[PDB]
C-alpha cells in the first residue's frame, strides 16, 4: 500500500479533474460527514441536479460549513475540483484560522483516464473540453502546492497508486 499520513485535525483538499475519482475515493476512505462536496452544496441551493446558476453561492456555503467543522475541531475533506489556485487559497486561509494542517491529495491521472470514465458515468457527465481544461490546470498546479501552504502534498500518478492508498491518522 501507499501510506498517506494525516493529522487528526486536518483539512484534506482533493485536487483533480472531473472524472478523476475524487468522490469515489472520499467514500472509500472517509466517513460521510467528514466529506463536504461542491455538488452537495449546490443541492442545498437548488432542486435541479448540478445547477450551474448557483456556483458562487454553493462555494460560499462550502467554505462556511468547512470553517464551522474546523472550529469544532473536526477533520474535513473538501471534495471539489480544486484545480485553480483561486479555489485553493480560501481553503488554506480557513485552515490557518483554525490552526489546522491543510493536506493536498492530487489525482494526477492522464486526461484520457478521466475522459473515458466520464462517458460511462451513471450520475452526470461533463463535456470533453471541461476535462481537458481541468487536467491542464491540475498539472500546472502541482509544483507550487507546498509553497501555497499545503503542509503535506500527496500526488497519485495512476489508478493503481490511487487503488493502493491507505490513510494513517495521527493524534
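Numbering follows the first chain given and starts at 1.
- If you average the Cα B factors in the entry, which is higher, 48-56 or 102-110? Between 102-110 and 48-56, it is 48-56.
- Task: Higher average CA B factor in the deposited record is what I'm after, so tell me if that's 115-123 or 33-41.
- Result: Per the PDB record, 115-123.
- Item | Largest Cα B-factor, entry values, listed residues 155, 9, 12, 15 | Across 155, 9, 12, 15, the entry lists the biggest C-alpha B-factor for 9.
- Message: Highest recorded C-alpha temperature factor, please, choosing from 132, 63, 69, 143.
- Response: Within the set 132, 63, 69, 143, 132 shows the top C-alpha B-factor.
- Message: Where does the C-alpha B-factor of residue 97 rank in its chain, lowest, middle or highest third?
- Response: Highest third - that is where residue 97 ends up once the chain's C-alpha B-factors are sorted.
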